[PDB]
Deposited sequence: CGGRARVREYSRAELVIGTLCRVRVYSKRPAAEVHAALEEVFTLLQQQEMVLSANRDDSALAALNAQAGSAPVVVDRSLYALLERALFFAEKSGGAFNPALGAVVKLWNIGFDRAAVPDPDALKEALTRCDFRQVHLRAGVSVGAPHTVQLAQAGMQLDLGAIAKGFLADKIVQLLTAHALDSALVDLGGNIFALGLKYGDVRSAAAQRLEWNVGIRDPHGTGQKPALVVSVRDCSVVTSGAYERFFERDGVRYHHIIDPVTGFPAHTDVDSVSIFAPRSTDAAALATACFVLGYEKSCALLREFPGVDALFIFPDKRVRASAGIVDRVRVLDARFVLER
């Protein structure tokens, strides 16, 4: 039986999604797995999207201020995990920020900053503590979500790709695959080892102010997600000012922070995504404080002066490719 390398890529969930596999299984088995990966990505686009009218999430948001809504266990568990990171991060990551994000999403489309009072009003409808998850304990009992605050809206944009990367890894494993690189719009999961000999996957992290083509550094990892938050992934400009996609929930404006990017290395991409978002909002010192709560996670920060700091679990695995950057040790 020979090793073969495969990849497949499609535009889906608003972005380029690519999966690379090494396997000695029959090629028909790998093809079947990849078929299911990309079918899943189409199906979940219709469950999780905050910017479509027909999604399960859109339906949930339509019942804000009303009765509990039944959801499948997958969505329920994702919402539980999101609320866990909201609480741990003091709301720096907030999955109920839709009232504010939607004002900014139209701003992006129109290259215009939302209004002062409107934004102030929207912030009154973002209390994630008013998202009530309840699930009975008896056989077959439903899972429910209630949005208690009138006009509050869930937005899982910061974590949807991480969730889908974890679902993809679980699907690959279900198909007896153990070597893959999952890349959903830049949210990475490195499953197992690649082949050259078996070697770690070398995950690239971009120059925050670069074109994105080439990585500024790489980190060698196994069985790890790598998710990076940076202003650069999505912004608009108006009258000399850049407004990026990661909102500070205290201000209702794009976060003003002391790092250019934060990359989180975690066993679960869902977790890495939530934590990367929180850490970008919190800034470096408070991020270090939060991350001490999660010993199984590593982090790499790129500062505006091109210094790079990485935690102990990964620092020896970092290789700088763009010599303008310096890895502090």
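No alpha-carbon coordinates exist for the deposited sequence positions 1-4, 201-207, given here in order along the chain.
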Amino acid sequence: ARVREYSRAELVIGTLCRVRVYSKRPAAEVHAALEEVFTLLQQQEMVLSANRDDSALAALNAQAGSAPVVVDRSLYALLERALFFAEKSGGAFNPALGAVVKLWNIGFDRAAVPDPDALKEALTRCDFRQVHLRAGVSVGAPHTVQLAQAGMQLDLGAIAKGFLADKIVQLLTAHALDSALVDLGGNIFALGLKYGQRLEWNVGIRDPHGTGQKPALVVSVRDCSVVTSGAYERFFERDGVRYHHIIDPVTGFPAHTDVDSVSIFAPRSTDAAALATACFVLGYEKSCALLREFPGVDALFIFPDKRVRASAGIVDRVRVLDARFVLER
From here on, numbers count along this sequence of modelled residues.
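For the segment pair 260-268 and 54-62, the entry gives 54-62 the higher mean B-factor, averaged over Cα atoms. Two stretches are in play, 215-223 and 240-248, and the higher mean C-alpha B-factor belongs to 240-248. Take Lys167, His175, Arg198, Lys102 and read off each C-alpha B-factor from the entry; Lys102 has the highest. Per the deposited record, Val47 carries the highest C-alpha B-factor of all listed residues (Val281, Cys288, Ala32, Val47).
Among the modelled residues of its chain, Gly210 has a C-alpha B-factor that falls in the highest third according to the deposited record. Per the PDB record, residue ranking by Cα B-factor puts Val131 in the middle third of the chain. When the CA B factors of the chain's modelled residues are split into thirds, the value for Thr39 lands in the middle one. In the deposited entry, the Cα temperature factor of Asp183 places it in the lowest third of its chain's modelled residues. Sort the modelled residues of the chain by CA B factor and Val315 lands in the middle third.
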